[PDB]
Structure formats: structure tokens, C-alpha cells
Amino acid sequence: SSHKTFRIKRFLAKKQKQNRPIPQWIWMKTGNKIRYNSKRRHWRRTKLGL
Amino acid sequence: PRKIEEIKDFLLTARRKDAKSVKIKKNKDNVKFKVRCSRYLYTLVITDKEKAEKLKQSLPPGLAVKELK
Amino acid sequence: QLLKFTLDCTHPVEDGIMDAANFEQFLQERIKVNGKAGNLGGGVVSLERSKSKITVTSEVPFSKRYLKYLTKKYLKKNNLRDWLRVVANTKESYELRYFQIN
Amino acid sequence: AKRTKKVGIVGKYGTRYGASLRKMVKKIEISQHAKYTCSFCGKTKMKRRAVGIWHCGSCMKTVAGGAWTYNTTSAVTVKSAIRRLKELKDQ
RNA sequence: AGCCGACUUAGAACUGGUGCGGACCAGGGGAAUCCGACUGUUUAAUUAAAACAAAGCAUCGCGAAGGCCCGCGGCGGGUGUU
RNA sequence: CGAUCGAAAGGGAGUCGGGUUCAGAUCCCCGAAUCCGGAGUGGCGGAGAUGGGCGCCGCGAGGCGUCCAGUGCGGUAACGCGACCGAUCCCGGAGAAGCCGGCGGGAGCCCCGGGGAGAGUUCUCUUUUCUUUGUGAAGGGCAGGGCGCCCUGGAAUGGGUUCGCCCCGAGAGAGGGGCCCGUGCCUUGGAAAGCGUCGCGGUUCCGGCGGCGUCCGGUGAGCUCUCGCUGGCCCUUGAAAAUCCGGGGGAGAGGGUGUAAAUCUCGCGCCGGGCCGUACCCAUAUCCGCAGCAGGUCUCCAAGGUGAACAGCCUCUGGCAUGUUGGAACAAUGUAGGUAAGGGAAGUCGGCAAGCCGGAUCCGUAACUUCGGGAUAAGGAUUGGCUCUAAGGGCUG
Ligand SMILES: [Mg+2]
Ligand SMILES: [Mg+2]
Ligand SMILES: [Mg+2]
Ligand SMILES: [Mg+2]
Ligand SMILES: [Mg+2]
Ligand SMILES: [Mg+2]
Ligand SMILES: [Mg+2]
Ligand SMILES: [Mg+2]
Ligand SMILES: [Mg+2]
Ligand SMILES: [Mg+2]
Ligand SMILES: [Mg+2]
Ligand SMILES: [Mg+2]
Ligand SMILES: [Mg+2]
Ligand SMILES: [Mg+2]
Ligand SMILES: [Mg+2]
Ligand SMILES: [Mg+2]
Ligand SMILES: [Mg+2]
Ligand SMILES: [Mg+2]
Ligand SMILES: [Mg+2]
Ligand SMILES: [Mg+2]
Ligand SMILES: [Zn+2]
């Protein structure tokens, strides 16, 4: 809703910031196993709880 | 907004300390004198083209005049 | 209170695509007064024709846009509807200009 | 003209609830909605407001009365008995 | 006497290849039997009923340290602001 | 009278107009306001309040000195005027009230007759058809609406009066006033802005500059909203508190006749208003049903015609692309629609399904009954178009 509270909006802010892909330079590292971001979330598919 | 019926009270409202500006609107069958004070925009309505011109010289010199168009 | 209106079609006359005379006899046969079109409704509507300027006067209530309607009827009669355009420069007057493409 | 022959107030109930029940409730529904005379101002503007409450339109006087009538015969006799006992006690 | 305006109702004449609530909108009816008075409600996803409820009628308990009931327990609680 | 919590639909002071973005606006910009809180010196003005007597003087106009008064004033009244001291205490009001019916007023929308401006048709006709044609909050004035407000006067041959009601010697009619709401009109705002139309600029990056116009009327059992009056219903009587105000009391305070005092809900002047939410969807694709699922999910606005109608059908503003695809064929059997000679339920467990009837006007209407009904009982007749006639009203003298 548009009638958010501060803690809910801050939680949504963090979950917005975690929803970006991995930077390109991390898999040029030596001890690297990550191919992509597997913890990604789409707004239509996964409904974040709440 | 406030309307001043007489000419004599208009001079006191223009000579107030809080009079920011005075502006003259020249339309048909009417001359309008508007003093922007702190709270109200005081308007003097003159339907005499001779008295409008003499009052225009009779404004106080410390007040800022903006002849509108 | 006399009502006087002017219709100045200077531009189509100087271009030669239309002549003001054939417009003026079309007016003098085609203005209706009190439901009667022929014979000018008596001597109440007078029409003078200057050089590409037709002046009309009337002491009965005469609508100005009736002249616009009759002029657009004349342009449709002589296929000038897609070329000329009847506008009002000042009031009690009408102008024949062109469409402003290119 | 005369609209109904034997039903009065209870003609609003139509063809329901039983003839004897309608005949019972007819007396209550007449006396409940009738306007009584006022004992204080004399005007006939003593109208029921709720059960036990009768309000006068002119005098603005409201009286605790009966449920369907302004006065009950079970209380008029009590009023008489209390005034005779009041005279008896003081002699 | 003059000047103004709003929708209706009734009647008459004429008229169409008897068609005219021209589309749309829009009750089939009657004589009876059984049950439930009726209005209402009900098995969400097989049963809407004659089942339930209902007003009316009739019994039963109780005058408050009481009747009925709740609660592991309290000078506990509901009916009871009775 | 119980800490405290408990409503983004209850209560709850106070913001509106124009413009602006690729995406935000009662929040940004401009212009107009407004509410609350604050103040020693209280910033100013006004009110409190500057009056009378005596004795002199001055011709008088008036001037000094004493003795006092002065916490305002007007109206018969309803009450009014810009203020107009007062505490602990007490009383009262507002917040603060259901559902339904009828009527009246005011807006908005629709409707009709004209003037403009711009468009559409013009094969023939059409002074024709379409679009548009205005003013915020706050203040002041005036209409209009309401009054269970006041004064005179005393009424039956009873009157006044509504749609209905209802009112009156506890004072009707008839005259004269008073109050409340005034969302309507005018004015300040405010034409400077907005809109329509025409034309010039900036070669453009422009709240660019100009010329005109934004007008006059009439109507309505119209629809919606709102205000008000009156009535009906209840064995149903339809919230509380925060907060605010008025009154009754008169403990007190202030000054001795003035650079008057205490005090002020009057007019201005000064400062401030912190924290959180604000984008978008809101539903045959942004929510819940495993999904862009024919399901479900609370509200506001509500044009023209036909018509009783927020019914159905067509259209305007606005919107969309036929609902997770297209092309070509037109076989059966399907699904969804129809139509059928003659017969008319012979079909079937069973008139299942389908069909008949249907609106309105005119008559007409049984058995039975709890007298209310049954009842649109049943039964028939009429219905188009066009041209007329008659009847049903206000305004002015
Ligand atoms: Mg979902
Ligand atoms: Mg039998
Ligand atoms: Mg039943
Ligand atoms: Mg079931
Ligand atoms: Mg079923
Ligand atoms: Mg709270
Ligand atoms: Mg709230
Ligand atoms: Mg009277
Ligand atoms: Mg302008
Ligand atoms: Mg007092
Ligand atoms: Mg928004
Ligand atoms: Mg879809
Ligand atoms: Mg399709
Ligand atoms: Mg398609
Ligand atoms: Mg057949
Ligand atoms: Mg047949
Ligand atoms: Mg058979
Ligand atoms: Mg058989
Ligand atoms: Mg059937
Ligand atoms: Mg029957
Ligand atoms: Zn009384």
C-alpha cells in the first residue's frame, strides 16, 4: 500500500538493494565459484512474505 | 484581500512599515492601487482619471512602485 | 441600430482564381430575409461592392456568421473549399486567406 | 369513503398473523397512536414516545404512564388507594 | 386587455398490402389433493425441502447466602448497567 | 475512577487558484490566505477615559486651583455596537447522533431561444450541424431560505393554512421589528492569470509578444449533491472521550484626577510549526487463487435519444483491439442459436426442454376467505403515421 510505515519501507529498501546482479569482475578472482546471483527475486513470482 | 473605500486610509496603509510594494493597474473605467502589506493586499478603486494621476504623484517616496501592464 | 459587415476577398481576386462580381450576384440572389430569399427581402439589406470588398448593411437583426455560411456555400460551389478560408480579422469583417501549408 | 369494513389499523398487516391476533392488537395499536389530552396545558398533544413515556407537544411535559395507554386502571386505583392511605395515616 | 411557457389527457378526420407494446423491454391460465401458516434460514463443493426458525399456546425452576451455567484455583466469573 | 493501548472509513483547529516534469504536486514555483503556540522591555494604535460641581480669571471663545465620580454604550423587546477586569467553585452547551415518506430552497449537469469565434455538409436543401462561450479560499455587502423569537392588539357569523398536516385567549390573523444560515449574486482577489480564435517574433533553448472575444435570456413531477421544514415506525429509541465555549457567583486587582493605572476575546506588527507516509496497479495482466487463471476482492463521479426507469438497444467524452496465435476449407458427431406442412403430449417415470402469454388504455372479474385478499383472477376490445380541435397556467395594469 501507499500507507507504509518506516520499518516496512526500510525493509523494502534493503530488499530492493539486494536485488541487483553480480558485478562482472568477481569471477576473474582466483578462489571463485559464483557463476551468477542465485538469491535473486522477482516481484511477480516470489511475494517476499509480509 | 481588503478594499479601502476612501483615499485617506490608503495613504496610511501605503505609509505602513510593512508595505513591501505598491502596484498600479490601468484597466478600463477603473484605476486600481494595490499595496502589498504583510497580511493583506489593500486595493483602492478610483473611477476618476484626474484623481488617479494626482494620487500617483502623491505616493510616498520611500515605497517601491511597480506600474503594471 | 444599423449593422454593417464587410467581406474583403483581396487575395483570390489578385491571384485570379475567383472574381468578386459573381460572388456579389450570388449574395444578392441568395440572402434570405424572414424566410424569403428572392428580391432581397425588400429595401432593408443593401450591398455595395468595392475593389474585392463587399459591404452589406441592414437595419433588421442580421447575423454575421450567416455571411460566413453563404460564403462557404460559394466556395463549395466553385470548389474553393480546399484552397480558400473565411476568417475574421476584426469584427464586422471577413477575410479570404489561404491555407498555410509550406 | 369507508375503505375497510371491520379492520382498522391492522389492515396494514394484510392477510397475516391470524384474525384473532389482529383483533387483539387492534385495541393496542389504536390507543398507542391516539393523541390524548394534556392534564397540564389542556391541549390534545399527549403522544407516546416509548413504552411508559408520554410527551406533550406544547407544554414539553413528559409523564411516566402505561405501555399502550396514557393511564392504566391498575395504577389509577393505586393512586386512589395511596391518597386514602395518606389521609388514613395522618388522620 | 396585453405579453409569455411547459408537458399531458380526451375527441375527430384522413391514410398504409389489418400493419402498428412492428427492435428492445415484457405474468401462460384454470379445477383439485398432500405438507408447511406466512416473510426468513439451512448441509461452502451431489439433498433449498415437508427439514430448522418463527409469533402464538403451555408447562418447569428461582425472592439473590437464589435459579441456570463457566472456571485448575481465589472475598473468582456470565446472565447482571438484571 | 483508574497506568497504558485500542479506528490512514468514527471525533478531530487550519489551503486555495494558476503554472511546471520523461516520471512528483491542495507538497515544487508564483499569487492570494488561514490555524495554533510565543513574548520581560510587552511593537504600535484603539478601548478602559478622561466627565461634573464649587471658587476665581477671561467680554466671550475658554483657562488655572479644590471636591468628587468614572471595571463601556444603545434598543420597550427580541437583541445590537470593534473591545468592554476578575480566580478557586458550580451550572449548561457544542462535540453528540436511528430508519423511512412527503414538500420547499440553492448549486452542478441536462433542455430551449438568440449573439460571437472556429470547424462539418453543400449533387439539392438547410439564417443549417458540431465544439466552446468563466472565476478559487478568505473578507465585506445584498438576494434567498428558516425561526417552537419580540412589540401593538384581542378573535364565533371562528379564522389562518399545508401536498398531507397543523396553529390559536398558555394569544390566531393583521401591521412593525429581531436573530440564524447565506455553499446563491456583486465586489476586493481579478485579469495581470486561464480558455477560444487570428497573427507576429526567438532560424530555436521561450509562464514570448500582441489583436479581438470570453455575451443576453427562458424553463422544468427533470437526474445528482446539499440545506431546511414537517410527518410516520419501534415490547428496536439509535456511542463515548479528547477538546472548545457561554453563564451564575464575586475571593481579589488597579488609580487618585493623571507622561492616569490594572486589564482587553478589537485592528494591525514580529517569530516558529519538529517526526513518518506520499511514485505506480487497484483488476478479464502490477492483489489472492502454483499463472497475464471466464473465479474472488471495499468505495467516489455518472451525458444525449428511446422509454416508467441507474432496464434493454444506439450514440458523444474517454478507452480498447476481440481476450495464451493466424491462414484455407464448410464432412460427420458436437456446443450455442433458429425455423418447420398436417396432427397436437400419441414422446417420456414425469409437458424435461422448448413453445404460448406478456407493456399501456378501456371495460370486466368467480369459488372461497382469517373480509385484509384471491386479482394482472378468468375474459375480451384498442394500439402506427399524419392533419386538427377542445380542456388543464403565470406576469403586468
Ligand atoms: Mg500473484
Ligand atoms: Mg382430505
Ligand atoms: Mg414453509
Ligand atoms: Mg450443496
Ligand atoms: Mg442445490
Ligand atoms: Mg491512542
Ligand atoms: Mg482517525
Ligand atoms: Mg401571528
Ligand atoms: Mg485575457
Ligand atoms: Mg458577573
Ligand atoms: Mg498519487
Ligand atoms: Mg488475459
Ligand atoms: Mg471473437
Ligand atoms: Mg487477435
Ligand atoms: Mg409443425
Ligand atoms: Mg402450423
Ligand atoms: Mg403418455
Ligand atoms: Mg409410451
Ligand atoms: Mg420448463
Ligand atoms: Mg386462483
Ligand atoms: Zn401539555
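Sequence lines set the chain letters: A, B, ... in the order given, protein chains first and strands last, and positions in each chain run from 1. The figures that follow rest on heavy atoms only: side chains count, while hydrogens, waters and symmetry mates do not.
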**Student:** Between F:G63 and F:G72, how far apart are the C1' atoms? Round to whole Å, please.
**Tutor:** 30 Å

**Student:** Between B:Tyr42 and F:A32, is there a contact of a side-chain N or O with OP1 or OP2 at under 4.0 Å?
**Tutor:**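 No, outside the criterion.
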
**Student:** Can E:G5 and E:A6, neighbours in the strand, be said to stack by the measure of ring centres under 5.5 Å and ring planes under 30 degrees?
**Tutor:** yes

**Student:** Which parts of residues 5-29 of chain C get close to RNA chain F, meaning a heavy atom less than 4.0 angstrom away?
**Tutor:** none

**Student:** How far, in whole Å, is F:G86 from F:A251 if one measures between their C1' atoms?
**Tutor:**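 That atom pair is separated by 10 Å.
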
**Student:** For nucleotides 374-376 of chain F, print each protein N/O atom paired with a nucleotide N/O atom at under 3.5 Å, atom names and distance only.
**Tutor:**
none

**Student:** Could you work out, with side chain to side chain contact (heavy atoms under 4.5 Å, CB included) as the rule, every residue matching B:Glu67, not counting sequence neighbours?
**Tutor:** B:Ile24, B:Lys56

**Student:** Considering residues, nucleotides and ligands other than B:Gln57, do more than 12 of their heavy atoms fall under 6.0 Å from its CD?
**Tutor:**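 Count over threshold, so yes.
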
**Student:** Using 30° and 60° as the class boundaries, would you call the ring planes of D:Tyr36 and D:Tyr70 parallel, tilted or perpendicular?
**Tutor:** tilted

**Student:** For RNA chain E, find the residues of residues 5-17 of chain D with a heavy-atom distance under 4.0 Å and give them by number; none if there aren't any.
**Tutor:**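 Correct list: D:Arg16, D:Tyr17.
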
**Student:** Rounding to an integer number of Å, can you tell me how far B:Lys69 NZ sits from F:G210 P?
**Tutor:** 7 Å

**Student:** What interatomic distance, in whole Å, is found between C1' of F:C362 and the corresponding atom of F:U126?
**Tutor:** 44 Å

**Student:** Please give me every residue in residues 59-79 of chain C whose heavy atoms get under 4.0 Å of an atom in RNA chain F, ordered by residue number.
**Tutor:**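 Those residues whose heavy atoms fall under 4.0 Å from RNA chain F, taken from residues 59-79 of chain C in numerical order, are C:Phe62, C:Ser63, C:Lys64, C:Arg65, C:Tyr66, C:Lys68, C:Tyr69, C:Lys72, C:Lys73, C:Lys76.
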
**Student:** Can you tell me how far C1' in F:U183 sits from the matching atom in F:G393, rounded to whole Å?
**Tutor:** 33 Å

**Student:** Just verifying a value: how many Å separate D:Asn71 CG and D:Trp54 CH2, rounded to the nearest 0.5 Å?
**Tutor:** 9.5 Å

**Student:** Where along residues 10-33 of chain B does a heavy atom come under 4.0 Å from RNA chain F, residue by residue in number order?
**Tutor:**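 Those residues are B:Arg16, B:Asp18, B:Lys23, B:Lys25, B:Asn27, B:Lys32.
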
**Student:** Taking the six-membered rings only, are the centres of F:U131 and F:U132 under 5.5 Å apart with their planes within less than 30° of each other?
**Tutor:**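 For these two strand neighbours, the answer is yes: their six-membered rings meet both cut-offs.
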
**Student:** Under 3.5 Å, which protein N or O atoms sit close to an N or O of nucleotides 160-167 of chain F? Give each pair with its distance.
**Tutor:**
from   : atom 1 : to      : atom 2 : distance (Å)
F:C167 : OP1    : D:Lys45 : NZ     : 2.9

**Student:** For the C1' atoms, the ones on F:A321 and on F:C330, what distance do you get once it is rounded to whole angstrom?
**Tutor:** 27 Å

**Student:** With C1' as the reference atom in both, quote the distance from F:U132 to F:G358 in angstrom, rounded to an integer.
**Tutor:**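 Here F:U132 and F:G358 have their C1' atoms 48 Å from each other.
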
**Student:** Between the main-chain N or O of B:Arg36 and the side-chain N or O of B:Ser21, is there a donor-acceptor pair closer than 3.5 Å?
**Tutor:**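 Between the backbone of B:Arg36 and the side chain of B:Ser21 there is no qualifying donor-acceptor contact (under 3.5 Å).
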
**Student:** Between C:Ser93 and B:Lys3, which residue's closest nucleotide on RNA chain F lies nearer the 5′ terminus?
**Tutor:** C:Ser93

**Student:** Using links of under 4.5 Å between side-chain heavy atoms of ILVMFWY residues, direct or through other members, which residues join A:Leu48 in one cluster?
**Tutor:**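 ILVMFWY cluster around A:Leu48 also holds A:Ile8, A:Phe11, A:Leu12, A:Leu50.
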
**Student:** Any donor-acceptor pair, under 3.5 Å, between the side chain of D:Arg49 and the base of F:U237, if you only look at N and O atoms?
**Tutor:** no

**Student:** Look for any protein N or O under 3.5 Å of an N or O in nucleotides 34-38 of chain F and output each such pair with its distance, or none.
**Tutor:**
from  : atom 1 : to      : atom 2 : distance (Å)
F:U34 : OP1    : B:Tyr40 : OH     : 2.9

**Student:** If I take atom CG in residue A:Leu12 and atom P in nucleotide F:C276, what distance separates them, rounded to the nearest angstrom?
**Tutor:** 17 Å

**Student:** Is C:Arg81 close enough to F:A119 that one of its side-chain N or O atoms is under 4.0 Å from OP1 or OP2 there?
**Tutor:** no

**Student:** Hey, what do you get for OG1 (D:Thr37) to NZ (D:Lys43), rounding to the nearest 0.5 Å?
**Tutor:**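 Answer rounded to 0.5 Å: 11.0 Å.
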
**Student:** Are OP1 or OP2 of F:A191 and a side-chain N or O of B:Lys34 less than 4.0 angstrom apart?
**Tutor:** yes

**Student:** How long is the line joining CZ of B:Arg36 and P of F:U188, in whole Å?
**Tutor:**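 To the nearest whole Å, that distance equals 17 Å.
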
**Student:** Just by protein heavy atoms under 4.0 Å, how would nucleotides 194-202 of chain F read 5' to 3' in B, S and -?
**Tutor:** ----SS---

**Student:** Would you call the rings of B:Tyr40 and B:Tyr42 parallel, tilted or perpendicular, where under 30° means parallel and over 60° means perpendicular?
**Tutor:**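 Taking B:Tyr42 first and then B:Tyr40, their aromatic rings stand perpendicular (interplane angle over 60°).
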
**Student:** Taking the nucleotide of RNA chain F with the nearest heavy atom to each, does A:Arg45 or A:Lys4 sit closer to the 5' end?
**Tutor:** A:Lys4

**Student:** Roughly how many Å apart are F:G246 and F:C264, using the P atom of each and rounding to a whole number?
**Tutor:**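 Here F:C264 and F:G246 have their P atoms 14 Å from each other.
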
**Student:** Does D:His33 place a side-chain N or O at less than 4.0 Å from the phosphate oxygens OP1/OP2 of F:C234?
**Tutor:** yes

**Student:** Mind checking if F:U129 and F:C130 stack, meaning centres of the six-membered rings less than 5.5 Å apart and planes less than 30° off?
**Tutor:** yes

**Student:** For C:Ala21, which residues count as a side chain to side chain contact (heavy atoms under 4.5 Å, CB included) partner, sequence neighbours excluded?
**Tutor:** C:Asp19, C:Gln25, C:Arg49

**Student:** Is there stacking between F:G173 and F:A174, using centres under 5.5 angstrom and an angle under 30 degrees?
**Tutor:** yes

**Student:** Assign a letter to each nucleotide of nucleotides 281-286 of chain F from its 5' end: B, base within under 4.0 Å of a protein heavy atom; S, sugar-phosphate only; -, no contact.
**Tutor:** ----BS

